[PDB]
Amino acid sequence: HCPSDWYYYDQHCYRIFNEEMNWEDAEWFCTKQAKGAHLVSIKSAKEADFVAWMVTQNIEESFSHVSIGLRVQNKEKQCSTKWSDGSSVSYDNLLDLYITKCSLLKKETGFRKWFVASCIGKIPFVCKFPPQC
C-alpha cells in the first residue's frame, strides 16, 4: 500500500510532482519522500506503459516534460573519447548548453520513448520507491 496521491503498480509506488526542478534536486527530493526512493526508473515496457499512463493523468497541462532517473556517469563533457582520425579527445570546448547528460519523457510522444536532456532544466518529475511489507 502507498501514501496518498501515490499510485501502486506491480511492487512499487510512483507519483509525479508538478514542481519544476532540475535533475539533481528532483532526485534529492525523491529520496526524502521515502526509504529507497529515487527518480523513477523504467525497467520494462509494461512499467513504461503504466508510467506513461500515470503521467498523462496527473501532469499539469502547462508542463510537457518530465524527468526520469537515467543519467550519464562519465565525467568528461561528452562521451566520445576519440576523433575520427584515431586521436584522443583530450581537448573539449563543448558548450554547457549542449551537454545533455540527463533524460526525460515528453507529452509529444505520449510520454513513451526516452530523450537526452540538459540537467539544468527545471521540469516536473516522477518519483518511485518500494513500499514495505
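Residue positions are given as counts along the sequence shown, with the first one as 1.
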Mean C-alpha temperature factor, higher of 80-88 and 94-102: 94-102
Higher-B stretch (mean Cα B-factor, as the entry records it), 53-61 or 36-44: 53-61
Lowest, middle or highest third - CA B-factor, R71: middle
Ranked C-alpha temperature factor of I16 among modelled chain residues, by third: lowest
